[PDB]
>>> print(open('work.tsv').read())   # TSV, N, CA and C atoms and all ligand atoms
chain	number	residue	atom	x	y	z
A	7	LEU	N	83.44	113.64	107.87
A	7	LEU	CA	84.11	114.89	107.29
A	7	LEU	C	83.84	116.10	108.14
A	8	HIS	N	84.75	117.09	108.08
A	8	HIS	CA	84.56	118.31	108.85
A	8	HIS	C	84.97	119.53	108.09
A	9	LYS	N	84.31	120.63	108.42
A	9	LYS	CA	84.60	121.91	107.78
A	9	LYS	C	85.71	122.64	108.52
A	10	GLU	N	86.56	123.28	107.75
A	10	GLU	CA	87.66	124.11	108.27
A	10	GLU	C	87.59	125.48	107.64
A	11	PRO	N	88.13	126.47	108.33
A	11	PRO	CA	88.15	127.81	107.78
A	11	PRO	C	89.07	128.05	106.63
A	12	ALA	N	88.67	129.00	105.81
A	12	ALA	CA	89.52	129.57	104.76
A	12	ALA	C	88.96	130.98	104.44
A	13	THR	N	89.72	131.79	103.70
A	13	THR	CA	89.26	133.04	103.21
A	13	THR	C	89.59	133.10	101.68
A	14	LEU	N	88.75	133.79	100.99
A	14	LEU	CA	88.92	134.01	99.58
A	14	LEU	C	90.16	134.85	99.37
A	15	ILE	N	91.02	134.41	98.47
A	15	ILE	CA	92.02	135.29	97.86
A	15	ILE	C	91.54	135.77	96.51
A	16	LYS	N	91.14	134.87	95.60
A	16	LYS	CA	90.68	135.31	94.28
A	16	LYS	C	89.88	134.23	93.59
A	17	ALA	N	88.84	134.62	92.91
A	17	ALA	CA	88.17	133.72	92.02
A	17	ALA	C	89.10	133.37	90.86
A	18	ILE	N	88.94	132.14	90.36
A	18	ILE	CA	89.63	131.69	89.16
A	18	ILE	C	88.66	131.33	88.05
A	19	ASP	N	87.99	130.20	88.15
A	19	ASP	CA	86.96	129.85	87.19
A	19	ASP	C	85.82	129.05	87.84
A	20	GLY	N	85.04	128.32	87.06
A	20	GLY	CA	83.86	127.66	87.62
A	20	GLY	C	84.17	126.69	88.75
A	21	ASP	N	85.29	126.02	88.63
A	21	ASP	CA	85.56	124.89	89.60
A	21	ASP	C	86.93	125.01	90.28
A	22	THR	N	87.61	126.15	90.13
A	22	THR	CA	88.89	126.45	90.83
A	22	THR	C	88.77	127.86	91.44
A	23	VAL	N	89.42	128.00	92.59
A	23	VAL	CA	89.40	129.21	93.36
A	23	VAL	C	90.67	129.26	94.22
A	24	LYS	N	91.20	130.46	94.41
A	24	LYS	CA	92.36	130.69	95.26
A	24	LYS	C	91.88	131.07	96.65
A	25	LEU	N	92.20	130.26	97.64
A	25	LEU	CA	91.82	130.49	99.03
A	25	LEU	C	93.06	130.54	99.90
A	26	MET	N	92.95	131.23	101.04
A	26	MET	CA	93.95	131.06	102.10
A	26	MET	C	93.46	130.03	103.08
A	27	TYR	N	94.26	129.00	103.24
A	27	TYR	CA	93.94	127.84	104.09
A	27	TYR	C	95.13	127.58	104.99
A	28	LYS	N	94.86	127.51	106.31
A	28	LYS	CA	95.90	127.43	107.36
A	28	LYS	C	96.98	128.48	107.10
A	29	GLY	N	96.56	129.64	106.64
A	29	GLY	CA	97.47	130.78	106.47
A	29	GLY	C	98.33	130.80	105.20
A	30	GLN	N	98.09	129.87	104.29
A	30	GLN	CA	98.83	129.72	103.03
A	30	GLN	C	97.91	129.83	101.85
A	31	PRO	N	98.40	130.47	100.79
A	31	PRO	CA	97.60	130.58	99.56
A	31	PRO	C	97.60	129.23	98.85
A	32	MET	N	96.41	128.76	98.47
A	32	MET	CA	96.31	127.50	97.73
A	32	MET	C	95.23	127.64	96.63
A	33	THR	N	95.46	127.05	95.47
A	33	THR	CA	94.38	126.85	94.53
A	33	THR	C	93.63	125.57	94.86
A	34	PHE	N	92.32	125.68	95.03
A	34	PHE	CA	91.42	124.55	95.27
A	34	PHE	C	90.69	124.19	94.02
A	35	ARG	N	90.60	122.89	93.74
A	35	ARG	CA	89.77	122.32	92.70
A	35	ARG	C	88.59	121.63	93.39
A	36	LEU	N	87.37	121.96	92.99
A	36	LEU	CA	86.18	121.41	93.62
A	36	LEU	C	86.06	119.93	93.31
A	37	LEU	N	85.89	119.15	94.35
A	37	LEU	CA	85.66	117.71	94.21
A	37	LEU	C	84.39	117.41	93.44
A	38	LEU	N	84.44	116.35	92.63
A	38	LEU	CA	83.24	115.63	92.09
A	38	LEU	C	82.48	116.43	91.02
A	39	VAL	N	83.07	117.52	90.55
A	39	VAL	CA	82.40	118.31	89.53
A	39	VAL	C	83.35	118.69	88.39
A	40	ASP	N	82.72	119.11	87.28
A	40	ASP	CA	83.45	119.65	86.12
A	40	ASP	C	82.63	120.76	85.56
A	41	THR	N	83.16	121.95	85.66
A	41	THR	CA	82.61	123.07	84.95
A	41	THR	C	83.24	123.21	83.57
A	42	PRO	N	82.55	123.85	82.65
A	42	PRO	CA	83.20	124.13	81.32
A	42	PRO	C	84.37	125.10	81.52
A	43	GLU	N	85.42	125.00	80.70
A	43	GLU	CA	86.47	126.04	80.66
A	43	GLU	C	85.83	127.39	80.28
A	50	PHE	N	86.44	128.50	80.68
A	50	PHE	CA	85.91	129.81	80.40
A	50	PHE	C	85.60	130.02	78.93
A	51	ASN	N	86.43	129.43	78.07
A	51	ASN	CA	86.28	129.60	76.63
A	51	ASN	C	85.18	128.71	75.99
A	52	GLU	N	84.53	127.89	76.80
A	52	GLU	CA	83.52	126.92	76.32
A	52	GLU	C	82.14	127.43	76.69
A	53	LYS	N	81.13	126.84	76.06
A	53	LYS	CA	79.76	127.23	76.34
A	53	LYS	C	79.47	127.01	77.83
A	54	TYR	N	78.84	128.01	78.45
A	54	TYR	CA	78.52	128.07	79.91
A	54	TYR	C	79.72	128.28	80.83
A	55	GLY	N	80.92	128.33	80.26
A	55	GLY	CA	82.11	128.61	81.07
A	55	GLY	C	82.10	129.97	81.76
A	56	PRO	N	81.76	131.04	81.03
A	56	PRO	CA	81.65	132.32	81.71
A	56	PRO	C	80.60	132.35	82.80
A	57	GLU	N	79.46	131.70	82.55
A	57	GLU	CA	78.38	131.63	83.48
A	57	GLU	C	78.77	130.83	84.73
A	58	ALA	N	79.50	129.74	84.51
A	58	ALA	CA	80.02	128.99	85.68
A	58	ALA	C	81.01	129.84	86.49
A	59	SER	N	81.92	130.51	85.81
A	59	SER	CA	82.96	131.30	86.48
A	59	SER	C	82.28	132.40	87.28
A	60	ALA	N	81.26	132.98	86.69
A	60	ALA	CA	80.57	134.07	87.35
A	60	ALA	C	79.83	133.61	88.57
A	61	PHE	N	79.19	132.44	88.43
A	61	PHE	CA	78.47	131.83	89.53
A	61	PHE	C	79.37	131.54	90.75
A	62	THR	N	80.46	130.86	90.52
A	62	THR	CA	81.41	130.55	91.54
A	62	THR	C	82.03	131.83	92.16
A	63	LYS	N	82.34	132.81	91.33
A	63	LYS	CA	82.97	134.03	91.83
A	63	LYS	C	81.99	134.71	92.82
A	64	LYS	N	80.73	134.86	92.40
A	64	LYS	CA	79.72	135.52	93.21
A	64	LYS	C	79.46	134.78	94.49
A	65	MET	N	79.34	133.47	94.40
A	65	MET	CA	79.06	132.73	95.59
A	65	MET	C	80.20	132.87	96.62
A	66	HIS	N	81.45	132.90	96.16
A	66	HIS	CA	82.59	133.08	97.10
A	66	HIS	C	82.66	134.52	97.64
A	67	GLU	N	82.52	135.47	96.74
A	67	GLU	CA	82.72	136.90	97.08
A	67	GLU	C	81.63	137.43	97.97
A	68	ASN	N	80.42	136.91	97.82
A	68	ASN	CA	79.28	137.34	98.64
A	68	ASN	C	79.25	136.65	100.01
A	69	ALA	N	80.05	135.60	100.18
A	69	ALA	CA	80.02	134.82	101.41
A	69	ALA	C	80.66	135.56	102.55
A	70	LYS	N	80.03	135.48	103.69
A	70	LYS	CA	80.64	135.99	104.88
A	70	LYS	C	81.68	135.02	105.41
A	71	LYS	N	81.43	133.74	105.19
A	71	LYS	CA	82.22	132.66	105.72
A	71	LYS	C	82.47	131.63	104.60
A	72	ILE	N	83.74	131.36	104.30
A	72	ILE	CA	84.14	130.27	103.42
A	72	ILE	C	84.75	129.15	104.30
A	73	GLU	N	84.34	127.91	103.98
A	73	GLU	CA	84.89	126.76	104.59
A	73	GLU	C	85.27	125.69	103.59
A	74	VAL	N	86.37	125.01	103.90
A	74	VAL	CA	86.75	123.86	103.10
A	74	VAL	C	86.55	122.57	103.87
A	75	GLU	N	86.11	121.56	103.12
A	75	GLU	CA	85.90	120.24	103.66
A	75	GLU	C	86.64	119.23	102.76
A	76	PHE	N	87.73	118.67	103.28
A	76	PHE	CA	88.40	117.61	102.59
A	76	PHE	C	87.58	116.33	102.74
A	77	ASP	N	87.77	115.47	101.75
A	77	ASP	CA	87.19	114.15	101.82
A	77	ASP	C	88.17	113.23	102.51
A	78	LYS	N	87.96	111.89	102.40
A	78	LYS	CA	88.72	110.90	103.11
A	78	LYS	C	90.08	110.55	102.51
A	79	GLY	N	90.25	110.88	101.24
A	79	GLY	CA	91.41	110.48	100.46
A	79	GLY	C	92.33	111.64	100.16
A	80	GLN	N	92.89	111.63	98.98
A	80	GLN	CA	93.95	112.58	98.69
A	80	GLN	C	93.42	113.99	98.75
A	81	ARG	N	94.24	114.87	99.30
A	81	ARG	CA	93.87	116.25	99.61
A	81	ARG	C	94.45	117.24	98.61
A	82	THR	N	95.40	116.75	97.82
A	82	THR	CA	95.97	117.56	96.73
A	82	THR	C	96.04	116.73	95.47
A	83	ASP	N	95.80	117.35	94.31
A	83	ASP	CA	95.95	116.59	93.11
A	83	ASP	C	97.39	116.65	92.57
A	84	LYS	N	97.57	116.06	91.38
A	84	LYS	CA	98.84	116.02	90.71
A	84	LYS	C	99.39	117.40	90.28
A	85	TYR	N	98.54	118.41	90.28
A	85	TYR	CA	98.91	119.75	89.91
A	85	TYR	C	99.13	120.64	91.15
A	86	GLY	N	99.06	120.03	92.33
A	86	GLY	CA	99.23	120.75	93.58
A	86	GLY	C	97.98	121.46	94.06
A	87	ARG	N	96.86	121.27	93.39
A	87	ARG	CA	95.60	121.88	93.81
A	87	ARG	C	94.98	121.12	94.94
A	88	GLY	N	94.39	121.84	95.91
A	88	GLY	CA	93.66	121.24	97.00
A	88	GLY	C	92.41	120.65	96.41
A	89	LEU	N	91.97	119.55	96.94
A	89	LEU	CA	90.73	118.90	96.47
A	89	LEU	C	89.77	118.95	97.68
A	90	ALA	N	88.70	119.71	97.52
A	90	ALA	CA	87.76	119.88	98.61
A	90	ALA	C	86.34	120.10	98.17
A	91	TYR	N	85.45	119.92	99.16
A	91	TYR	CA	84.09	120.53	99.06
A	91	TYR	C	84.19	121.90	99.67
A	92	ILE	N	83.68	122.94	99.01
A	92	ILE	CA	83.81	124.28	99.52
A	92	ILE	C	82.40	124.78	99.85
A	93	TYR	N	82.27	125.43	101.00
A	93	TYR	CA	81.00	125.97	101.48
A	93	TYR	C	81.05	127.47	101.62
A	94	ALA	N	79.98	128.10	101.19
A	94	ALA	CA	79.83	129.58	101.28
A	94	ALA	C	78.57	129.83	102.13
A	95	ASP	N	78.80	130.34	103.34
A	95	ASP	CA	77.72	130.54	104.32
A	95	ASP	C	76.90	129.27	104.46
A	96	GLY	N	77.60	128.14	104.60
A	96	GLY	CA	76.98	126.80	104.79
A	96	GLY	C	76.42	126.09	103.57
A	97	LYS	N	76.45	126.76	102.42
A	97	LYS	CA	75.93	126.19	101.18
A	97	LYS	C	77.09	125.63	100.37
A	98	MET	N	76.96	124.40	99.91
A	98	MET	CA	78.09	123.78	99.21
A	98	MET	C	78.14	124.30	97.78
A	99	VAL	N	79.28	124.87	97.40
A	99	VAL	CA	79.43	125.43	96.07
A	99	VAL	C	79.36	124.31	95.03
A	100	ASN	N	80.02	123.19	95.33
A	100	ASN	CA	80.05	122.10	94.39
A	100	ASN	C	78.59	121.68	94.02
A	101	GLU	N	77.74	121.47	95.05
A	101	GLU	CA	76.35	121.12	94.84
A	101	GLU	C	75.59	122.15	94.10
A	102	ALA	N	75.81	123.42	94.45
A	102	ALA	CA	75.04	124.50	93.87
A	102	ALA	C	75.32	124.61	92.41
A	103	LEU	N	76.56	124.46	92.01
A	103	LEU	CA	76.92	124.46	90.60
A	103	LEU	C	76.16	123.36	89.85
A	104	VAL	N	76.17	122.17	90.40
A	104	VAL	CA	75.53	121.03	89.72
A	104	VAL	C	74.00	121.28	89.65
A	105	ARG	N	73.42	121.79	90.75
A	105	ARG	CA	71.96	122.02	90.80
A	105	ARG	C	71.53	123.00	89.76
A	106	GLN	N	72.43	123.92	89.41
A	106	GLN	CA	72.13	124.97	88.41
A	106	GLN	C	72.44	124.59	86.98
A	107	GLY	N	72.88	123.36	86.77
A	107	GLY	CA	73.27	122.91	85.43
A	107	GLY	C	74.53	123.60	84.90
A	108	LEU	N	75.39	124.06	85.81
A	108	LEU	CA	76.60	124.73	85.45
A	108	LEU	C	77.85	123.88	85.62
A	109	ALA	N	77.66	122.69	86.18
A	109	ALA	CA	78.73	121.64	86.27
A	109	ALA	C	78.09	120.30	86.14
A	110	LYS	N	78.85	119.32	85.61
A	110	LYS	CA	78.49	117.93	85.62
A	110	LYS	C	79.19	117.25	86.80
A	111	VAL	N	78.52	116.25	87.39
A	111	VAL	CA	79.20	115.31	88.26
A	111	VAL	C	80.25	114.63	87.39
A	112	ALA	N	81.48	114.55	87.94
A	112	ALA	CA	82.63	114.13	87.20
A	112	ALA	C	83.80	113.84	88.13
A	113	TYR	N	84.79	113.10	87.64
A	113	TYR	CA	86.00	112.87	88.42
A	113	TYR	C	85.69	112.25	89.77
A	114	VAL	N	84.89	111.20	89.74
A	114	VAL	CA	84.49	110.52	90.95
A	114	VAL	C	85.47	109.41	91.15
A	115	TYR	N	86.47	109.70	91.92
A	115	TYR	CA	87.47	108.69	92.25
A	115	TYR	C	87.14	108.00	93.60
A	116	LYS	N	87.36	106.69	93.63
A	116	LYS	CA	87.18	105.89	94.86
A	116	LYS	C	87.95	106.49	96.05
A	117	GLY	N	87.29	106.65	97.19
A	117	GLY	CA	87.93	107.21	98.38
A	117	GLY	C	87.93	108.72	98.52
A	118	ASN	N	87.56	109.46	97.47
A	118	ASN	CA	87.14	110.81	97.68
A	118	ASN	C	85.77	111.00	96.99
A	119	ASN	N	84.76	110.29	97.42
A	119	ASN	CA	83.47	110.40	96.83
A	119	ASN	C	82.35	110.45	97.83
A	120	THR	N	82.61	111.03	99.01
A	120	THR	CA	81.61	111.06	100.07
A	120	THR	C	80.25	111.70	99.64
A	121	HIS	N	80.32	112.81	98.94
A	121	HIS	CA	79.09	113.53	98.56
A	121	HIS	C	78.59	113.19	97.15
A	122	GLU	N	78.99	112.07	96.58
A	122	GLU	CA	78.56	111.71	95.22
A	122	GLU	C	77.08	111.64	95.04
A	123	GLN	N	76.42	110.89	95.93
A	123	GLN	CA	75.00	110.76	95.73
A	123	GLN	C	74.20	112.09	95.88
A	124	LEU	N	74.60	112.92	96.82
A	124	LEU	CA	74.02	114.27	96.95
A	124	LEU	C	74.13	115.07	95.65
A	125	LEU	N	75.33	115.03	95.04
A	125	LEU	CA	75.51	115.70	93.82
A	125	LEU	C	74.78	115.12	92.64
A	126	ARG	N	74.72	113.80	92.53
A	126	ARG	CA	73.95	113.16	91.47
A	126	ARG	C	72.46	113.49	91.57
A	127	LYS	N	71.97	113.67	92.81
A	127	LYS	CA	70.57	114.01	92.98
A	127	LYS	C	70.36	115.43	92.43
A	128	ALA	N	71.29	116.33	92.73
A	128	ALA	CA	71.22	117.71	92.21
A	128	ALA	C	71.28	117.71	90.69
A	129	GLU	N	72.19	116.92	90.13
A	129	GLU	CA	72.30	116.84	88.67
A	129	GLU	C	71.00	116.37	88.04
A	130	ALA	N	70.40	115.33	88.60
A	130	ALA	CA	69.15	114.85	88.04
A	130	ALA	C	68.09	115.94	88.02
A	131	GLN	N	68.01	116.73	89.07
A	131	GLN	CA	67.00	117.82	89.10
A	131	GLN	C	67.34	118.89	88.05
A	132	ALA	N	68.61	119.29	87.96
A	132	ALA	CA	69.05	120.19	86.88
A	132	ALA	C	68.69	119.67	85.49
A	133	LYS	N	68.89	118.38	85.27
A	133	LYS	CA	68.63	117.80	83.97
A	133	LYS	C	67.11	117.78	83.70
A	134	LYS	N	66.35	117.52	84.73
A	134	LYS	CA	64.86	117.46	84.64
A	134	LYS	C	64.36	118.86	84.25
A	135	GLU	N	64.95	119.89	84.85
A	135	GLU	CA	64.62	121.28	84.53
A	135	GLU	C	65.25	121.78	83.23
A	136	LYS	N	66.05	120.94	82.57
A	136	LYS	CA	66.76	121.34	81.35
A	136	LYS	C	67.55	122.64	81.56
A	137	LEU	N	68.26	122.77	82.68
A	137	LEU	CA	68.98	124.00	82.97
A	137	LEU	C	70.34	124.04	82.32
A	138	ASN	N	70.63	125.18	81.67
A	138	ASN	CA	71.97	125.54	81.28
A	138	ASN	C	72.63	124.45	80.44
A	139	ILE	N	73.63	123.75	80.98
A	139	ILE	CA	74.26	122.70	80.23
A	139	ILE	C	73.25	121.67	79.67
A	140	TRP	N	72.18	121.42	80.42
A	140	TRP	CA	71.23	120.42	80.03
A	140	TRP	C	70.15	120.97	79.13
A	141	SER	N	70.31	122.20	78.64
A	141	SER	CA	69.35	122.73	77.67
A	141	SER	C	69.87	122.48	76.24
A	201	LIG	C1	88.57	116.99	90.34
A	201	LIG	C2	89.87	116.22	90.17
A	201	LIG	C3	90.71	116.42	89.08
A	201	LIG	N1	91.86	115.69	88.97
A	201	LIG	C4	92.72	115.81	87.77
A	201	LIG	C5	92.17	114.86	86.70
A	201	LIG	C6	92.46	115.61	85.43
A	201	LIG	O1	93.77	115.28	84.97
A	201	LIG	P1	94.17	115.72	83.48
A	201	LIG	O2	94.59	117.20	83.54
A	201	LIG	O3	95.35	114.84	83.30
A	201	LIG	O4	93.05	115.59	82.58
A	201	LIG	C7	92.39	117.07	85.89
A	201	LIG	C8	91.08	117.67	85.55
A	201	LIG	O5	91.00	118.99	86.15
A	201	LIG	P2	90.36	120.21	85.35
A	201	LIG	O6	88.91	119.87	85.07
A	201	LIG	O7	90.54	121.32	86.34
A	201	LIG	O8	91.12	120.41	84.03
A	201	LIG	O9	92.57	117.10	87.27
A	201	LIG	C9	92.22	114.79	89.99
A	201	LIG	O10	93.31	114.14	89.87
A	201	LIG	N2	91.46	114.59	91.09
A	201	LIG	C10	90.26	115.29	91.21
A	201	LIG	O11	89.55	115.01	92.19
A	202	CA	CA	86.92	122.18	84.27
>>> encode(input="work.tsv", output="structure tokens", more="lines below")
Ligand SMILES: Cc1cn([C@H]2C[C@H](OP(=O)(O)O)[C@@H](COP(=O)(O)O)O2)c(=O)[nH]c1=O
Ligand SMILES: [Ca+2]
Amino acid sequence: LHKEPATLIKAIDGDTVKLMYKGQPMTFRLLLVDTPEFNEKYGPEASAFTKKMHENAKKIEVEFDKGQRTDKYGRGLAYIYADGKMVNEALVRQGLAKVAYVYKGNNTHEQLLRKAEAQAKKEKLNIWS
């Protein structure tokens, strides 16, 4: 896998964000995670976390996996990095997303994320409290 450039257009929620990628506006859905909807418990906290991590970043990068690059809703499916830190992982490590939606052929970082989830759960953070 490889990282490619993008720039923030707008935060959306815990696990979706509007980025400019190859010069086009796209909504990205973070691979391998599920944040609560804004209206659900920890949803505002997830949305805030993702917004801050993107907005504070000097450099945003997207990393597609090996399989499908867009979902059925036209959303890009990627791992997103903010100054080299993976947002998807960081959310899970903080107990603000569950590992989820692990489809065969786009699951390169599954084990990394499951390790983060286990540590979040051990710490009883957020969702796991
Ligand atoms: C993360 C992810 C979601 N999806 C689809 C599955 C779910 O379909 P359904 O809408 O039919 O439930 C939906 C979940 O996204 P959200 O968690 O953003 O709602 O997005 C994919 O197809 N591939 C993916 O990698
Ligand atoms: Ca969600």
>>> select_by_dssp(input="work.tsv", residues="chain A", states="alpha helix (DSSP H)", output="JSON, numbers by chain")
{"A": [55, 56, 57, 58, 59, 60, 61, 62, 63, 64, 65, 66, 67, 99, 100, 101, 102, 103, 104, 105, 122, 123, 124, 125, 126, 127, 128, 129, 130, 131, 132, 133, 134]}
>>> residues_near_ligand(input="work.tsv", ligand="ligand CA 202 (chain A)", cutoff="5 Å", atoms="all atoms listed in the file", output="PyMOL selection string")
chain A and resi 40-43
>>> residues_around(input="work.tsv", residues="residue A:80", least_positions_apart="5", cutoff="10 Å", atoms="only C-alpha atoms", output="PDB file with N, CA and C atoms, in the coordinates of the input")
ATOM      1  N   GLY A  88      94.390 121.840  95.910  1.00  0.00           N
ATOM      2  CA  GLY A  88      93.660 121.240  97.000  1.00  0.00           C
ATOM      3  C   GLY A  88      92.410 120.650  96.410  1.00  0.00           C
ATOM      4  N   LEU A  89      91.970 119.550  96.940  1.00  0.00           N
ATOM      5  CA  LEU A  89      90.730 118.900  96.470  1.00  0.00           C
ATOM      6  C   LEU A  89      89.770 118.950  97.680  1.00  0.00           C
ATOM      7  N   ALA A  90      88.700 119.710  97.520  1.00  0.00           N
ATOM      8  CA  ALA A  90      87.760 119.880  98.610  1.00  0.00           C
ATOM      9  C   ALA A  90      86.340 120.100  98.170  1.00  0.00           C
ATOM     10  N   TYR A 115      86.470 109.700  91.920  1.00  0.00           N
ATOM     11  CA  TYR A 115      87.470 108.690  92.250  1.00  0.00           C
ATOM     12  C   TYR A 115      87.140 108.000  93.600  1.00  0.00           C
ATOM     13  N   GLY A 117      87.290 106.650  97.190  1.00  0.00           N
ATOM     14  CA  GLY A 117      87.930 107.210  98.380  1.00  0.00           C
ATOM     15  C   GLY A 117      87.930 108.720  98.520  1.00  0.00           C
ATOM     16  N   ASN A 118      87.560 109.460  97.470  1.00  0.00           N
ATOM     17  CA  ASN A 118      87.140 110.810  97.680  1.00  0.00           C
ATOM     18  C   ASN A 118      85.770 111.000  96.990  1.00  0.00           C
TER      19      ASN A 118
END
>>> closest_atom_pairs(input="work.tsv", of="chain A", to="ligand LIG 201 (chain A)", cutoff="5 Å", atoms="only N, CA and C atoms and all ligand atoms", output="CSV")
residue,atom,partner,partner_atom,distance
A:36,C,A:LIG201,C1,4.9
A:37,CA,A:LIG201,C1,4.9
A:38,N,A:LIG201,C1,4.8
A:83,CA,A:LIG201,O10,4.8
A:84,N,A:LIG201,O10,4.9
>>> closest_atom_pairs(input="work.tsv", of="stretch 37-66 of chain A", to="stretch 18-33 of chain A", cutoff="6 Å", atoms="only C-alpha atoms", output="tab-separated table")
residue	atom	partner	partner_atom	distance
A:41	CA	A:20	CA	5.5
A:58	CA	A:20	CA	4.5
A:59	CA	A:20	CA	3.9
A:62	CA	A:20	CA	5.5
>>> atom_distance(input="work.tsv", atom1="atom C of residue A:92", atom2="atom N of residue A:73")
5.5 Å
>>> atom_distance(input="work.tsv", atom1="atom CA of residue A:53", atom2="atom C of residue A:120")
28.0 Å
>>> atom_distance(input="work.tsv", atom1="atom C of residue A:14", atom2="atom N of residue A:128")
27.3 Å
>>> select_by_dssp(input="work.tsv", residues="stretch 20-137 of chain A", states="strand (DSSP E)", output="ChimeraX atom specification")
/A:22-27,30-36,39-40,72-75,88-94,97-98,110-111
>>> residues_near_point(input="work.tsv", point="(76.5, 130.2, 102.6)", cutoff="12 Å", atoms="only C-alpha atoms", output="MDAnalysis selection string")
chainID A and resid 64:73 92:99 101:102
>>> closest_residue(input="work.tsv", among="A:107, A:11, A:55, A:86", to="residue A:34", atoms="only C-alpha atoms")
A:86
>>> closest_residue(input="work.tsv", among="A:9, A:134, A:116, A:39", to="residue A:100", atoms="all atoms listed in the file")
A:39
>>> closest_residue(input="work.tsv", among="A:87, A:75, A:104, A:140", to="residue A:127", atoms="all atoms listed in the file")
A:104
>>> axis_aligned_box(input="work.tsv", around="stretch 86-102 of chain A", padding_each_side="8 Å", output="AutoDock Vina command-line options")
--center_x 87.1 --center_y 124.7 --center_z 98.6 --size_x 40.2 --size_y 27.6 --size_z 28.5
>>> residues_around(input="work.tsv", residues="residue A:138", least_positions_apart="3", cutoff="6 Å", atoms="all atoms listed in the file", output="VMD selection string")
chain A and resid 106 to 108 141
>>> write_last_selection(input="work.tsv", atoms="N, CA and C atoms", output="CSV table (one decimal), in the coordinates of the input")
chain,number,residue,atom,x,y,z
A,106,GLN,N,72.4,123.9,89.4
A,106,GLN,CA,72.1,125.0,88.4
A,106,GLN,C,72.4,124.6,87.0
A,107,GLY,N,72.9,123.4,86.8
A,107,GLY,CA,73.3,122.9,85.4
A,107,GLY,C,74.5,123.6,84.9
A,108,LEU,N,75.4,124.1,85.8
A,108,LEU,CA,76.6,124.7,85.4
A,108,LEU,C,77.8,123.9,85.6
A,141,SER,N,70.3,122.2,78.6
A,141,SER,CA,69.4,122.7,77.7
A,141,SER,C,69.9,122.5,76.2
>>> build_atoms(input="work.tsv", residues="stretch 128-140 of chain A", atoms="N, CA, C and O atoms", output="PDB file, in the coordinates of the input")
ATOM      1  N   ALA A 128      71.290 116.330  92.730  1.00  0.00           N
ATOM      2  CA  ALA A 128      71.220 117.710  92.210  1.00  0.00           C
ATOM      3  C   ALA A 128      71.280 117.710  90.690  1.00  0.00           C
ATOM      4  O   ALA A 128      70.560 118.410  90.020  1.00  0.00           O
ATOM      5  N   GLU A 129      72.190 116.920  90.130  1.00  0.00           N
ATOM      6  CA  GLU A 129      72.300 116.840  88.670  1.00  0.00           C
ATOM      7  C   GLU A 129      71.000 116.370  88.040  1.00  0.00           C
ATOM      8  O   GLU A 129      70.538 116.915  87.004  1.00  0.00           O
ATOM      9  N   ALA A 130      70.400 115.330  88.600  1.00  0.00           N
ATOM     10  CA  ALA A 130      69.150 114.850  88.040  1.00  0.00           C
ATOM     11  C   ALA A 130      68.090 115.940  88.020  1.00  0.00           C
ATOM     12  O   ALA A 130      67.314 116.042  87.034  1.00  0.00           O
ATOM     13  N   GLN A 131      68.010 116.730  89.070  1.00  0.00           N
ATOM     14  CA  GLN A 131      67.000 117.820  89.100  1.00  0.00           C
ATOM     15  C   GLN A 131      67.340 118.890  88.050  1.00  0.00           C
ATOM     16  O   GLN A 131      66.483 119.314  87.341  1.00  0.00           O
ATOM     17  N   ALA A 132      68.610 119.290  87.960  1.00  0.00           N
ATOM     18  CA  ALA A 132      69.050 120.190  86.880  1.00  0.00           C
ATOM     19  C   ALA A 132      68.690 119.670  85.490  1.00  0.00           C
ATOM     20  O   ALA A 132      68.309 120.448  84.588  1.00  0.00           O
ATOM     21  N   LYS A 133      68.890 118.380  85.270  1.00  0.00           N
ATOM     22  CA  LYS A 133      68.630 117.800  83.970  1.00  0.00           C
ATOM     23  C   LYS A 133      67.110 117.780  83.700  1.00  0.00           C
ATOM     24  O   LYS A 133      66.668 117.974  82.574  1.00  0.00           O
ATOM     25  N   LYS A 134      66.350 117.520  84.730  1.00  0.00           N
ATOM     26  CA  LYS A 134      64.860 117.460  84.640  1.00  0.00           C
ATOM     27  C   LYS A 134      64.360 118.860  84.250  1.00  0.00           C
ATOM     28  O   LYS A 134      63.473 118.995  83.365  1.00  0.00           O
ATOM     29  N   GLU A 135      64.950 119.890  84.850  1.00  0.00           N
ATOM     30  CA  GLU A 135      64.620 121.280  84.530  1.00  0.00           C
ATOM     31  C   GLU A 135      65.250 121.780  83.230  1.00  0.00           C
ATOM     32  O   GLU A 135      64.946 122.906  82.778  1.00  0.00           O
ATOM     33  N   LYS A 136      66.050 120.940  82.570  1.00  0.00           N
ATOM     34  CA  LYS A 136      66.760 121.340  81.350  1.00  0.00           C
ATOM     35  C   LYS A 136      67.550 122.640  81.560  1.00  0.00           C
ATOM     36  O   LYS A 136      67.528 123.509  80.718  1.00  0.00           O
ATOM     37  N   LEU A 137      68.260 122.770  82.680  1.00  0.00           N
ATOM     38  CA  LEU A 137      68.980 124.000  82.970  1.00  0.00           C
ATOM     39  C   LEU A 137      70.340 124.040  82.320  1.00  0.00           C
ATOM     40  O   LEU A 137      71.142 123.125  82.520  1.00  0.00           O
ATOM     41  N   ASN A 138      70.630 125.180  81.670  1.00  0.00           N
ATOM     42  CA  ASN A 138      71.970 125.540  81.280  1.00  0.00           C
ATOM     43  C   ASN A 138      72.630 124.450  80.440  1.00  0.00           C
ATOM     44  O   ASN A 138      72.239 124.233  79.300  1.00  0.00           O
ATOM     45  N   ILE A 139      73.630 123.750  80.980  1.00  0.00           N
ATOM     46  CA  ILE A 139      74.260 122.700  80.230  1.00  0.00           C
ATOM     47  C   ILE A 139      73.250 121.670  79.670  1.00  0.00           C
ATOM     48  O   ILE A 139      73.413 121.120  78.559  1.00  0.00           O
ATOM     49  N   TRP A 140      72.180 121.420  80.420  1.00  0.00           N
ATOM     50  CA  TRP A 140      71.230 120.420  80.030  1.00  0.00           C
ATOM     51  C   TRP A 140      70.150 120.970  79.130  1.00  0.00           C
ATOM     52  O   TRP A 140      69.161 120.294  78.879  1.00  0.00           O
TER      53      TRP A 140
END
